[PDB]
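In: Test case, fold it:
(2 chains)
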2 protein chains.
Amino acid sequence: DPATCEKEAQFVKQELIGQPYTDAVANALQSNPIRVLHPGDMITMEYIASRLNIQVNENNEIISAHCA
Amino acid sequence: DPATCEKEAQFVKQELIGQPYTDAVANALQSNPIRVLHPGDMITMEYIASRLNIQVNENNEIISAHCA
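Out: Residues are numbered from 1 along each chain as shown, chains lettered A, B, ... in the order given. Below, you will see the structure:
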């Protein structure tokens, strides 16, 4: 669902910035599927409105989020 | 520049979904840099809060936008 995905990403971007990506925060996110983007990752772009992407830094801290 | 990046993305998501990506919409986006994402594009992921991304489909139609 693109709608619940967007709610999820908005929650992450507004509330969990700087926290480590743990199983706990992963479990709290209800939509599928989830993709964690790390710096350097080679990605083949294919747009999917239902996939939640969580960007973390090299210390596994959450820096951003969006659906795609 | 993340403030102006975000205002642009909000604008394209509100007014331009479903429309072709033209020189008109590009002239309309003062932000630097602008990244147009296409199906199949291979990318090295690096989160840049000031970069505006315009997601286009295979019909060169705008489907979304986000800063990263």
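
In: which stretches of chain A form helices?
Out: All helices of chain A, identified by DSSP state H, fall at A:2-15, A:23-27.

In: The last one - contacts with which helices or strands?
Out: When you say that, I think you mean helix A:23-27. The contact analysis (3 or more CB pairs under 8 Å, 6 or more residues apart in numbering or on different chains; DSSP states H and E) places helix A:23-27 against no helix or strand. Where you see a C-beta, it was placed from the backbone N, CA and C, and this is true even at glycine.

In: quick revisit: mean neighbour count and distance to residue A:59 for the helices of chain A - can I get that in TSV?
Out: As requested, these are exported to TSV (neighbours: other CB atoms under 10 Å in any protein chain shown; distance: least, CB to CB, whole Å):
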stretch	mean neighbour count	distance to residue A:59
helix A:2-15	16	17
helix A:23-27	10	15
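
In: Please name whichever of those helices is nearest to residue B:3.
Out: helix A:2-15 (14.8 Å; CB to CB).

In: packing partners for that closest one?
Out: Contact here means 3+ CB pairs under 8 Å, 6+ apart; on that basis helix A:2-15 packs against strand A:52-56, strand A:62-67.

In: Would you mind listing what in chain A touches chain B?
Out: For chain A, the residues in contact with chain B (CB under 8 Å from any CB of the partner chain) are A:37-47, A:49, A:55, A:63-64, A:66, A:68.

In: Surely residue A:67 touches residue A:54?
Out: No: in this structure residue A:67 lies outside contact range of residue A:54 using CB atoms under 8 Å: 10.7 Å.

In: Cool, thanks, talk later.
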